[PDB]
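Protein chains in written order, with PDB author numbering: chain A, 133 to 673; chain A', 133 to 673; chain A'', 133 to 673. A prime marks a further copy of an entry chain. Positions of the beta carbon are idealized from the N, C-alpha and C atoms, including for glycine. What follows is one structure encoded as structure tokens, with my remarks underneath.
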Amino acid sequence: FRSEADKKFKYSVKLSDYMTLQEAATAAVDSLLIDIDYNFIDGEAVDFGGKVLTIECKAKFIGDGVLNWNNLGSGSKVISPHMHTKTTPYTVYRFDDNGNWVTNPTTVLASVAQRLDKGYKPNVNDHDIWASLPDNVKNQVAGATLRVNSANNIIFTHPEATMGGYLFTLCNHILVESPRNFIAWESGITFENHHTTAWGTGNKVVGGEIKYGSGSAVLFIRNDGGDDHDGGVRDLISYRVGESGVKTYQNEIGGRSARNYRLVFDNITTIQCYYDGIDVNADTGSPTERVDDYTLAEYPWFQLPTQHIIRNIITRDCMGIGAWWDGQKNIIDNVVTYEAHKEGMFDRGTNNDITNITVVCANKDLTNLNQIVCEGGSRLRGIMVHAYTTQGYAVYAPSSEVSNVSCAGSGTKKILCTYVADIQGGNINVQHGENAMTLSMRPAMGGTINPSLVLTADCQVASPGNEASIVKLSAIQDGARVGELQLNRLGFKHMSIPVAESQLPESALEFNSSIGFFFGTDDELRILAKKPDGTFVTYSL
Amino acid sequence: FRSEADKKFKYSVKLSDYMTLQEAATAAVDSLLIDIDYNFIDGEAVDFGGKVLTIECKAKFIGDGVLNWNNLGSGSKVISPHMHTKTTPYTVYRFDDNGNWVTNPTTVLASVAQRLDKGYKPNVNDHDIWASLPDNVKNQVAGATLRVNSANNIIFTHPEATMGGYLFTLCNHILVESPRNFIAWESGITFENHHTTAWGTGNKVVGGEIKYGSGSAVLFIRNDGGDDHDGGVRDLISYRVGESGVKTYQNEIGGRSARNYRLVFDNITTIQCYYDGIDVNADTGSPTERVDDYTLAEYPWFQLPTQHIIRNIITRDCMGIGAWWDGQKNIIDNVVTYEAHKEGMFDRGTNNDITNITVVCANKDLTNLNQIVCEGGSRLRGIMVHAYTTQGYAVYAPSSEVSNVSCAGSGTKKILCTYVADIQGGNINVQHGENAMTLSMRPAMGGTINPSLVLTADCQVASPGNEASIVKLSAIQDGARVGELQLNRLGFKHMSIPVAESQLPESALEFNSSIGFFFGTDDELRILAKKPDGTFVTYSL
Amino acid sequence: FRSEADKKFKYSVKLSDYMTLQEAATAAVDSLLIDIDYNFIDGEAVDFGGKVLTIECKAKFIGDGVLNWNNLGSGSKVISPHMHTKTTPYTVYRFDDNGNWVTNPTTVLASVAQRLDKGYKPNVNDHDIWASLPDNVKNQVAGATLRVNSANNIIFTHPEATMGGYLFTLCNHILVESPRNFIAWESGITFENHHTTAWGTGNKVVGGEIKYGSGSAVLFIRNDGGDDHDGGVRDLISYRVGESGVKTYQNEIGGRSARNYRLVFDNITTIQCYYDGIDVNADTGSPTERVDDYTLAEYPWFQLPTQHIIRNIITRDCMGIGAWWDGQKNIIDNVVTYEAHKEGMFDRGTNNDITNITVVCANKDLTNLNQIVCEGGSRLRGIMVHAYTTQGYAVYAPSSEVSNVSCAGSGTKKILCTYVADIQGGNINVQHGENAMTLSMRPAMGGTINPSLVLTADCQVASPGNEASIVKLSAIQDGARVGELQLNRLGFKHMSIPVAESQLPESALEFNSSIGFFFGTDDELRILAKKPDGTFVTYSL
């Protein structure tokens, strides 16, 4: 039986009419309004009975520990939830009053204080202070996590947190739009799918900003986007997280591979994370057989066919690597990193396609690291490096090929690789502030230090419309420049011609109809002439 | 009369209170809840009476054929609808167990099977199998389409489909946000405006992913964004559609131009479509007078002033062209295509502005197609090609100008165009794995095969700090290299000087105060000297 | 007391049950439905009593002047509001029937007419017509503004306007998603925070399109995103606004600094604004001490440490500067401007990092302006210019450093800066349509006009496989090319050797074992020889 009112009005129940969230969920039919703050107990569970609910949040879930949401019906939506810690945690704050890193371990230790607004909870990855922490801190109980278990096709809009976060366990097609006012506890949003051999899919974050937390802003465990590439992160700012800007988990959890495949990471801005601007790796540490994943014999360590798409990434002043990945058959396009403290860009895999990379001021801590590294056989096109140090290489990619590479400024400009592509274009018009400038050519690049050819333009009078110069061109022999022709030395408009120091052999003139000058045993100047018919005569002057 | 309850509670009606969707729509005032699956009949119509409704979908519309929605009021919103086929269609599945194309027509034919999850319905564009299909398949009745007729200013959020789609007929300012869980039937979302001489406008898709369907993920017919550029597609993944990743229709439908103008396509990822990664063309096939559009006399075929903006596109392993367009005054920036089976990027129009294009491994099927083609007079800046074949050209753009072009690897590096821009920069520092490397200059590029100048650095001893080289510089004559100077041949530190084979004429020394060596009629070595005053003397040695 | 109906139905009140919006707001508990158009009076106020409301708009707010919304509770959402003018304003329409600028002041004056659809209200920034306007126009009363006062954490979805806009005063964490059907009055969305010394934060626009208005599409006053970078604009189209595409206010309002810090501007498309494609400046005009901001002594004019992130910007045919900013420590990446009437890209600050800039056809009005300008010491990497005029410089950046710069076409290609980075790569393969082409090197670039070295490839016969050329290489002296070697002049396969016009001094041969030819006082050809031991002898021929 449905009365006339039942047929004309929207069904909604509100939390303030009940003692518990379970009582409200039981009563709910269509909508569930969270109209008053709710103090949950660690381990509390809410059974939604498979109902397709609109959960409209106008207040906070407050607790230390986990609130479990079970049997939420496919197609439900959760609108502006907010997970807030009950206890104020001690946090480590690694920044000074100018917003720069503080690394002195004594000063870092002294930053540990109860805060709701910034910093993250100290933990094992905090190698500088972990061993020095007093018991109340290591043993603190705080942080509010929502754990949504075994739900499919749920949309969260504008979720928030204050020392809290969201854990989706064995879920698929979870869409989280625009996290905001979001101070994380551990990882901000986690898609945890390792409890079965299936792969989580369709789980994505789009929009917004996640701040702090001891973990990564978004974390994937045993997710596979399919050839569909349905899953990943788009349009996110990850700010000062304790681990990596976003992360794909590596190796095993609880005995099953927690790795990830075929995701899309598009437009992620990572500011001052403590580890890597993005960490899209699947293997880490020493090789160990994979469980419920490809074997070592199928794909060697660091070489899984992850096939991620990574594009439009920018990271700034990250304490780890500016952006990195392993595996193979990934596509990476448009990655910009500034002030990475370790390498600026790192490919730990092989057989990846890498384009439009810009690295500025990596190796910021001067520990002899390279700006860009590739460990395997990758293909790089459109690379710009601006090192603010001479340490190491601009591009260290011994087994890779490179094209369209530019190294700016006065830092390292060294490129080590298998193949460097041609330069193409029209007229060449180069200029320099220094009085002399050069074209240098270094073939046999694997086994030479010095160029085989140097052509020099040397400006002797720099007066506009009244310029004077010397032109030079030289080969090399025993590591020293030799055989140098010059034009216009001292303004005399002549060619200076290098001549042999002793008897020239016939083999030293390659082509018919050519000559070479040389000095004889008593310094007599002579000409060896190779005639048009290939025979030889010598003229004495 | 309104009672007190009427003044305090939200109006909503729910489908489960009625037999039909029309009965529910008639009763509706504010909200309409779809709380149970609805089995519609092909051709069913729902008249919404001009009401401004919130249509909250928590279940599916199920049918074979069309469900018409008429008189939906401006400002309505449709929340998470789902169009689901009643009959399971036979679909063609063009991929193997590794996710690679299957093209053997026998194997493709054998992939035809009833599926709800993947593949698309076989149709006329399936030239390889169309003629071989048994009657039950060609004549199958399946697929669920919502047709929204003559509505303005409607927002759809998170629409879904299972062998279904959405058709907007004579609509304007339709916004479709984040299609998802979306397996299309024909084209996924279509804006169909050719029934009148007006142009549809403001119709856009933003976000999400559309999969399969026999058509294009989003299709525009007689839409014009205005100088406003209000209309198009942003932030979409188009996965394995049967036609093109997104498409602007060409030519006429039912006797009226179905073409499109002034749209924005921003951040589209197209994976393995059967035709073109994007198809932003307006004319196709043989020229025929346009109806209710610009005449042939006003704009020639392929040269309509479409003025689209196309940017941030990436396509992978598309069976057609990686990305293409016609018309003029379009702006194209940041297009990356991998593994296009036809051309990687194609401009079929003229007078377009094209920047930041990256094409890798186009012409994947080795049918002698070029990596990048422009048919008209376009302007290209910032082009990277990496062909994995020597077939054809990297850039085939005879009437275009190019700047900042790079061709990687060992594939084709040929550039054919009207003008190639200058290279600018500072010191030049080039390197190569091979023992010799070159600077080559090929002026008269329209009519030469061989370079007019080659400067060679040839490393003879590649020992670090103990290098030896020969430097060479040569002109060309009758297609063969000639006049070669060398420095340091065989380590003798001398210049090898080319001399004339016979009498040098006075005209063969251009400048006053210069000399040339030559051999006389009996092989006598001589010097022709052009004195400082321009007169001549000959020295015999 | 709550009855059984109270416990099962959603609370909503609707405007049509009341005379005023205040009466409806007073009655509201959860939701407030705007079900009929509401005619507000200028200065009207609505007190929402701190309630957390869902304001569901299905009709318009209509008025001339301001509607104030006060005490709206944190966490409220405002769904599809529409601000519509009561009086139809006179607007100026600066475009012809082809959508091109009209600049003849007589024609502009004649475009002033009552419109609801396009143009903006004439004002003081309209220097061409302001003094010529008849009283009814300058004194017109029109335009509908919603002013939301002192609210935190409010989301607006899909707001609209017809000669209207949205003003947020002393607000924080306002998120405006997807403005649309939005014809602005002044600035479209403004975050106005100068009334106190606090800085507004978290205020952002994401998505959509704003059209016309006399101001800027989005305007920031005294906002600071924090090191968090929480605030700014993402994914917006700004179309034909009367000021700048988006803007950070400069200097003071009412005696307090109205400047802005640490915002993100990502993916803004600006079409035909009357001032600058984006205006991200903090100081303007003549230096004056800052109030409640950094002093002049702390940071000089134009050099505040704004630390904005600006990326993925595209602007077209803007009447002002294509895109510009001041301050320092900003990051700018991926900015494309077409048809800017003033400079294409302008850095008025110093110590900024600038990458991936493409400027085409700036200085469109031929007023002798440069394509790209930097006033301070910035770092530029990856620059493409295509000037359609020879006026001025491609890059005018005297105190900056540049790397990877390309200048296309036949317009200006001049680069003025402190340091130009090296070109790196492999073999060099250049080509040209002209019969001759060159490598030119211009060291001492600050003080020279002409190159110190020119190497020329000159094609004399352009027949495929039958090519003939002359190779040339020359220095410079007294501003004229000199000392020219040639190879293969007139097809004789010889070297033409430049010789001194008079006695060569010993100093004119640098290296041991070298010779130079010269003419003696009676034109005798001679050889000065520098022997292997460094001593000299002269041979007479």
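Quick check on residue i: does DSSP put it in helix, strand or coil?
{"i": "A'/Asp-356", "result": "strand"}
{"i": "A''/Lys-140", "result": "helix"}
{"i": "A''/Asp-179", "result": "strand"}
{"i": "A''/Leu-436", "result": "coil"}
{"i": "A'/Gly-345", "result": "coil"}
{"i": "A/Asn-536", "result": "strand"}
{"i": "A'/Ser-370", "result": "strand"}
{"i": "A''/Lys-546", "result": "coil"}
{"i": "A/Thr-158", "result": "helix"}
{"i": "A/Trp-317", "result": "strand"}
{"i": "A/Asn-304", "result": "strand"}
{"i": "A/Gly-251", "result": "coil"}
{"i": "A''/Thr-653", "result": "coil"}
{"i": "A''/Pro-311", "result": "coil"}
Using the rule of at least 16 other Cβ atoms within 10 Å of the residue's Cβ for burial, across every protein chain shown, is residue i buried or exposed?
{"i": "A/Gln-246", "result": "exposed"}
{"i": "A''/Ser-584", "result": "buried"}
{"i": "A/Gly-386", "result": "exposed"}
{"i": "A/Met-151", "result": "exposed"}
{"i": "A/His-518", "result": "buried"}
{"i": "A''/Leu-498", "result": "exposed"}
{"i": "A/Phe-352", "result": "buried"}
{"i": "A/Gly-615", "result": "buried"}
Considering only the beta carbon of each residue, do residue i and residue j sit closer than 8 Å?
{"i": "A''/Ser-212", "j": "A''/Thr-289", "result": "yes"}
{"i": "A'/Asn-202", "j": "A'/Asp-229", "result": "no"}
{"i": "A''/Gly-332", "j": "A''/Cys-303", "result": "yes"}
{"i": "A''/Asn-271", "j": "A''/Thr-301", "result": "no"}
{"i": "A/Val-273", "j": "A/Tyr-222", "result": "no"}
{"i": "A/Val-491", "j": "A/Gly-524", "result": "no"}
{"i": "A'/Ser-163", "j": "A/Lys-142", "result": "yes"}
State the Cα-Cα distance for the pair residue i and residue j, rounded to the nearest angstrom.
{"i": "A''/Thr-522", "j": "A''/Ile-515", "result": "18 Å"}
{"i": "A''/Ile-659", "j": "A''/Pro-637", "result": "11 Å"}
{"i": "A''/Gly-175", "j": "A''/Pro-237", "result": "36 Å"}
{"i": "A'/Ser-538", "j": "A''/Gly-666", "result": "48 Å"}
{"i": "A'/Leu-265", "j": "A/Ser-510", "result": "44 Å"}
{"i": "A''/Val-586", "j": "A''/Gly-459", "result": "41 Å"}
{"i": "A'/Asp-449", "j": "A'/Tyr-252", "result": "18 Å"}
{"i": "A/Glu-309", "j": "A'/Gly-207", "result": "23 Å"}
{"i": "A''/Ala-594", "j": "A'/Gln-618", "result": "26 Å"}
Exercise. Quick check: the stretch 550-566 of chain A'' against the stretch 527-537 of chain A'', are there 3 or more CB pairs under 8 Å?
Worked result: Enough Cβ pairs lie closer than 8 Å, so yes.
Exercise. Between the stretch 558-567 of chain A'' and the stretch 564-578 of chain A', do at least 3 Cβ pairs fall closer than 8 Å?
Worked result: In short, these stretches touch, since the Cβ pair count reaches three.
Problem set entry | the stretch 424-433 of chain A touching the stretch 467-480 of chain A, judged by at least three CB pairs closer than 8 Å | In this structure the stretch 424-433 of chain A does not touch the stretch 467-480 of chain A; the number of beta carbon pairs closer than 8 Å is below three.
Problem set entry | At least three beta-carbon pairs within less than 8 Å, the stretch 412-422 of chain A'' to the stretch 368-382 of chain A' | Using a Cβ-Cβ distance cut-off of 8 Å, the stretch 412-422 of chain A'' and the stretch 368-382 of chain A' are not in contact, since fewer than three pairs of beta carbons, one from each stretch, lie closer than that value.
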